[PDB]
């Protein structure tokens, strides 16, 4: 068929989606160019004078806060604002701190496996720090505050081009993941993976991908919206995590980002006060704004992000995807710096984002890179970030071909993870360069782990390793001496040498042993981001039982679990029932068993987005992946790649 539009002139909502189910073998939208139009309803309609109506049909609307205050159900029948729970938190933390204290050397390595104190467990889940910090229109104040370079050096640009050529220039075609449990974002704002899949099939049928790009590049939002159900705009969500009591933090106010491009931050002053009692020894949960790109934008980009990432994991495994179980042994006999990056994604400059996309255009049609740019710099809409704020549109989505919000490696983008991984390695390879090494001539060898130095990467987490002590101390001298003109990101040593959630305990001379942070099991039980069950914690017993079952695997861990069990038994059990009873009864009601799953699989059930950056299809069984994702195999977008990709297939 000739049809170039996803939404045609056919009557909408005239056929049931049940008559157009995807069989995994043929794209039925090739047979019927009107199918998508007929199986879904009329869009509400775009008003350029009122762009926020793009979100008026969402589950949460207008007035309701992005981060409401609401007690969490931490275990069956146990809620986080109850005074007995808070009493347990205080006593558990006293007793756990009496077990062990972090024992760190001058390089930040833990000698006992513990990297910090247990004080963050005095955080009240469901009690947010407010306001949630807004995203300013400009990150220049941050770049200034962090003392980052004004521009890349010439050499840094060379290195960035050499690495991006390797990344964009190779592709291992891989299925698009279609999330079951997240919103499509505008315009439909539904958690409907069937619609997402049918949209993908429509996009990749006939001439619709080129029609989509033509509509995009026209700058006519009314056209892109009408004919492709697409609008370049971010929604916003909030992520929550524990904090250390007493830690001073700051935030960008909604009223300031409205008035100023790069305003200064204001102090967060939230105190925990529950039913008329102040808890001065507790923290409110740290909160962070995350943007969310619409499905109907990200779907056009994801094939490239996923394919290039998967290629990179194969060709340059030693850098971007080593076996995590083997890292500690790999490091035996090596010196290592564990990177702690401050405000990483937000600290990317416009130059860095733009260069990445420029090199992309050598391998991928330029209009696709321009779509990526449009989303990186898109306007966003947020519901209120605090109790005194209103909903707010930041930027002008009517002018989406112009940059609206400059915020570095924008969250919610198809490319966010790829950019995080590649730029951390650009920075570290530039550091190898600044030491004096000839990194261009030896680029492949560095990335493949064949030189006497290299780096293991997981986005903003990294291990920079050296076979030679003298090379290692030269790297440390470089960090100490590096001037502003060379500084890409704000990086220091990680307290306790943590990588991907594990402490790399120093157990002998250049001998390491990985231990999951000993704070983690207790934070995730006692101070959770979300209540048990619901959308995101259906499988909550698994992570707990997995951790409990390995309690004897490390001597500090073992003692802290003994403190948990004894303290819970005395202070919680009389009122709420036994801990293991609650957890084991819940485990019986879910369709997975902890004994049958790998550690990787349990991680993915707790955080499915680890499939976009940490684990590949090969490492996770179908039943686990299918809990969270539908898939579209790459045969269904092969024609798009034949036209629009110019690199090498792996």
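Positions refer to the first chain, counted from 1.
- For the pair 636-644 and 17-25, the record assigns the higher mean C-alpha temperature factor to 17-25.
- 479-487 and 346-354 differ in mean CA B-factor, and the higher of the two is recorded for 479-487.
- Between the residues 360, 459, 501, 206, the entry's highest C-alpha temperature factor is the one at 206.
- Residues shown: 382, 578, 101, 416. Highest C-alpha temperature factor in the entry: 101.
- In the deposited entry, the Cα temperature factor of residue 603 places it in the middle third of its chain's modelled residues.
- In this PDB entry, residue 194 carries a Cα temperature factor that places it within the middle third of its chain's modelled residues.
- When the CA B factors of the chain's modelled residues are split into thirds, the value for residue 588 lands in the highest one.
- Sort the chain's modelled residues by C-alpha temperature factor and residue 555 lands in the middle third, per the entry.
- Among all modelled residues in this chain, the alpha-carbon of residue 254 has a temperature factor (C-alpha) in the middle third.
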